[PDB]
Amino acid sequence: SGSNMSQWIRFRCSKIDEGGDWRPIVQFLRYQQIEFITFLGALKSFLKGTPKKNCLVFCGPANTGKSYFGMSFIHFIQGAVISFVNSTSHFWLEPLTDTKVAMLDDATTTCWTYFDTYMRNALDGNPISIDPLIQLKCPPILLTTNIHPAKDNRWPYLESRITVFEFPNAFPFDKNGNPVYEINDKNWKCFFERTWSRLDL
């Protein structure tokens, strides 16, 4: 876009309706046994594109709703989804060339192996090349997965350069089959309006 992160989010909030509620987001995090202050600190570093803090990971079974939660953020910020292809090339990173935040949904074991070898510059906040070889600054990347990339020491480079939040609990529904927590553009708008300064925006 060219605008910085603060301008972009402020602008995105402009286009979103009033009347949301940040509470379902906070409540959903605490429901998943995640500490609010810890998460907010992680999100602050993430949006800044801080070296070694440029990849955020949500880890747990599909039924936790980690991907719904993650995708809601992408929708809010109008980020891009990238689709992993096992290669030794960066060609599949095209969609993130011009985005504020990228998402890769359901990273496999093979994906983490790829990241440990081929996404080092991106993990470090240094430019990468996709192709005449063109350099590109990698945007923050949110990944969801059910393969924890920092439990078993298989990926030593990756291991020290990602932040992982675990989602242990199934996405909760009430007695009528309605979700206990809904996470959408308006709730994200309120969330950012409440945490603006604390995110150093």
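Heads up: residue numbers just count along the shown sequence, starting at 1.
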Count, per the entry, the deposited residues between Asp131 and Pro132 that are not modelled, and return the matching class: none, 1 to 3, 4 to 9, or 10 or more. 4 to 9
Entry-level comparison of average CA B-factors, 23 to 31 and 160 to 168, reporting the higher stretch: 160 to 168
Looking only at CA atoms, which has the higher mean B factor in the entry: 119 to 127 or 98 to 106? 119 to 127
Looking at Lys137, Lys44, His148, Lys66, which has the highest CA B-factor as recorded? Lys137
Could you say whether, by C-alpha temperature factor, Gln78 belongs to the lowest, middle or highest third of its chain? middle
Cα B factor band for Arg12 (lowest, middle or highest third within the chain): middle
Chain thirds of CA B-factor: placement of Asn86: middle
Test of reading the entry: by CA B factor among the chain's modelled residues, which third contains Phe39? lowest
Where the record places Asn178 (Cα B-factor, split into thirds across the chain): highest
